[PDB]
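Take a look at this single chain, the form deposited in one PDB entry, given in structure tokens.
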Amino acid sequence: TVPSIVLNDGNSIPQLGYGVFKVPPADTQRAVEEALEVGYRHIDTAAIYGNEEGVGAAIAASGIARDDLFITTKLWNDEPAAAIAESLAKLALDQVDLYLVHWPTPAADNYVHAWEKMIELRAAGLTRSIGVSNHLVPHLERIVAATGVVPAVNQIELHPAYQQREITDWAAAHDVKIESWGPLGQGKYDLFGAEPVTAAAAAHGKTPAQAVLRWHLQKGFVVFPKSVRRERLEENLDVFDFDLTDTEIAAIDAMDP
């Protein structure tokens, strides 16, 4: 099953979650109920852009203890507070488990302020944990030095061809968990056809997608494979029954230059 990762604030998070994806608002409830039945307990609603009413309905009708669920969401575009408050209403929840704000600005003149706001959100109990996205080592050092609060999570683009090692190393050194955004390259390159990928799939009797997912997992990363078809939901979840060897992992790691 899905292992629970330790967050720096005392909370634990299921390593693999369901990313609500490609679902019109009316079918959202049904989709989440399906993920719940499959076995997912970690839900990420980012991709639905605030169309969370259906998510709330599913949770409410699920029968699952609040404490057994992990609700994640992110602010896309002074407004995290307004944003989260609205989401809470839609979700019919007192708080979410994890809240993340957007990539720092090219102007880099507000990410600190943004972090201060997140800290207040947390203090206000709107979210149990606070994290960031696309924060580089310098961004991270800056917010920590400025606020004294270390993010629980840092969401960054991550896949074999692009690993952002500086970030992951730093994170590991400071107890920050990494969430792999676009874990499978987003179909931008031939990931499934890569020798290191096919080789692992073949050896373990898994699919290439599965092998890659496993790679992230063994590396200690948090992932939200964006599933649509039940078949995929299933496969995406069934990646805890095998282990890539150290050699298998290194071959994949070598995919980046």
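Residues carry their position along the shown sequence, with the first being 1. Think of the rigid core as the biggest set of C-alphas that the two forms share within 1.5 Å after superposition.
This protein has a second form, the form solved in complex with a small molecule, left out of what is shown; the following refers to that one.
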* Structure fact -> the small molecule in the entry with it bound has a heavy atom of only one listed residue within 4.5 Å, and of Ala26, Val38, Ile64, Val228 that residue is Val228
* Structure fact -> Contact with the small molecule in the entry with it bound, heavy atom within 4.5 Å, among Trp181, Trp170, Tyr111, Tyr162 goes to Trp181
* Asked: Looking at 113-121, 91-99, 143-151, 130-138, which lies within 4.5 angstroms of the small molecule in the entry with it bound, counting heavy atoms?
  -> 130-138
* the small molecule contact at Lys177 in the entry with it bound, heavy atom, 4.5 Å -> no
* Asked: For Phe70, is any heavy atom within 4.5 Å of the small molecule in the entry with it bound, or not?
  -> no
* Asked: So in the entry with it bound, does any heavy atom of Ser87 sit within 4.5 Å of the small molecule?
  -> no
* To do: Report yes if any heavy atom of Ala58 sits within 4.5 Å of a heavy atom of the small molecule in the entry with it bound; otherwise report no.
  => no
* Displaced position between the shown form and the other one, chosen from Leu213, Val222, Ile48, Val197 (C-alpha, 2 Å or more, rigid core) -> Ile48
* Rigid core fitted, then: does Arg30 show a CA shift of 2 angstroms or greater between the shown form and the other one? -> yes
* Asked: Has the Cα of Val20 moved 2 Å or more between the shown form and the other one, judged after a core fit?
  -> yes
* Since the CA distance of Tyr40 and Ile48 differs by 3 Å or more in the entry with it bound, is it closer or farther than in the form displayed? -> farther
* Structure fact -> in the entry with it bound the CA atoms of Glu157 and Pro24, compared with here and shifted by at least 3 Å, lie closer
